[PDB]
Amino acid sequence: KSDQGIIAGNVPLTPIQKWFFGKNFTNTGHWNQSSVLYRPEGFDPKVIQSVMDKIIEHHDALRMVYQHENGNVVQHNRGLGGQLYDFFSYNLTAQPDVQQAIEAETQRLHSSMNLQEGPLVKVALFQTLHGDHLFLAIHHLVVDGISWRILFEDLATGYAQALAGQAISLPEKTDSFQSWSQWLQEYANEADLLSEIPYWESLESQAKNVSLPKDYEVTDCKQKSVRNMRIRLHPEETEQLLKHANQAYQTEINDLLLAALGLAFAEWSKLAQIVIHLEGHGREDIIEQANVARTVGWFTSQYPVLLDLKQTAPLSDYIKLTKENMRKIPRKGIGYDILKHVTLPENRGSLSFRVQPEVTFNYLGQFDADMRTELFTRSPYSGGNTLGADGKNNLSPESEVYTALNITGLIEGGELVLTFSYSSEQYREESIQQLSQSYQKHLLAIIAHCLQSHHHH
């Protein structure tokens, strides 16, 4: 029932895309996501090209191009017939240092996106004596985490079909990114979204907008200055957090992690309140009968949450209030950025959008999009090519830092691992050691409290 035909033509910018162009990043064409896959049997360049041809024909948004001269951004979905992706194949069988070759070339390709003409997809095959490595980089304008899951699924499906001598045949298309974006433009001025204005107005009015404290005053810090500091919970405490701690107050893991975040910022920053940038997948059921379940694009939603850091006691009430705070947000928070970037000024009430969070928090769950098929797995030579916090190759070193503290959590090897990413221009390493140790302490206290509370009741 969704459009199975070729999608082409102009596409309105969605909120996160308007955010992106509004930043006017240095080296705007180098702002990507990437991955490296490994197949011990080896990959065939001819099969890879056949499957990628079908993938990019099928997932129309990957054919997007962007004009932006004098700030006049035009997003256009190309039809078929042009360059669908850039493909390179390398014989590394003679090389002593395969890792060096892969990092150099993946970095070269990351820096080679032509936004105006495309393609926005780079593919490189590295053949070795011990299996082959397949690099993919895609500009972020046309992709997101869920989209990568879809792409890995379809790559596995098409490759298996090719190996079996069968025609490549992907799942039916869901609704186009073009159509989705057009529908969002309509939604932006309709009654359901406008009904949220009092909520968002209340948030803005409560937001004090006090500077997140930094160690040093610096302007135009760049990605090259960013450092990552990691803490983790052992498997025992991770399992308690995932499978037992939520019973006390019937929470989700994110509620407890956000509660910990408030406690840590209360201790470390001494602020009375803090606004945090959260993210949603953005594929919410806001458009009647829309279906973007297998649609490739940048759907990600960003929204603010206000944490009260004054009233952190008793811990029981603080956890319950954090849960309640999260439950009261309308429509998983998708509305605020639509109001900000798309809604007509006349429809936006008294919203001023002065809320500019410097802290982002994202809990990503389990780490495994690239590891569901027997055909390939995550490459041990992935290096700086990832979809997450360790993807040092994804952004230009001269790209501007856009968040002071980017905090991400994920489960790897049965352990919760939290990464605190910051600019070394703005903070001493010791300051972030203090924050991350505070976070760890408060999260452990929350887990202990929840286990005892559920015993008590």
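Don't overthink the numbering: it's just position in the shown sequence, from 1.
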Requested in this report: Name the higher of the two by mean Cα B-factor in the PDB entry, 309-317 versus 258-266.
Outcome: 309-317
Query raised in the report: Between 330-338 and 243-251, which has the higher average C-alpha B-factor in the PDB entry?
Result: 243-251
Report summary line: Among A101, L351, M113, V296, highest Cα B-factor in the entry goes to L351
Report summary line: Scanning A272, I276, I146, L155 for peak Cα temperature factor in the entry gives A272
Query - B-factor third for the C-alpha atom of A448 within its chain - result: highest
Query raised in the report: What third of its chain's C-alpha B-factors does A188 belong to: lowest, middle or highest?
Result: lowest
Requested in this report: Consider only the C-alpha atoms of the modelled residues in this chain, order them by B-factor as the entry records it, and name the third containing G79: lowest, middle or highest.
Outcome: lowest
Requested in this report: Consider only the C-alpha atoms of the modelled residues in this chain, order them by B-factor as the entry records it, and name the third containing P304: lowest, middle or highest.
Outcome: middle
Requested in this report: For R39, return the chain-relative third of its C-alpha B-factor as stated in the PDB record: lowest, middle or highest.
Outcome: middle
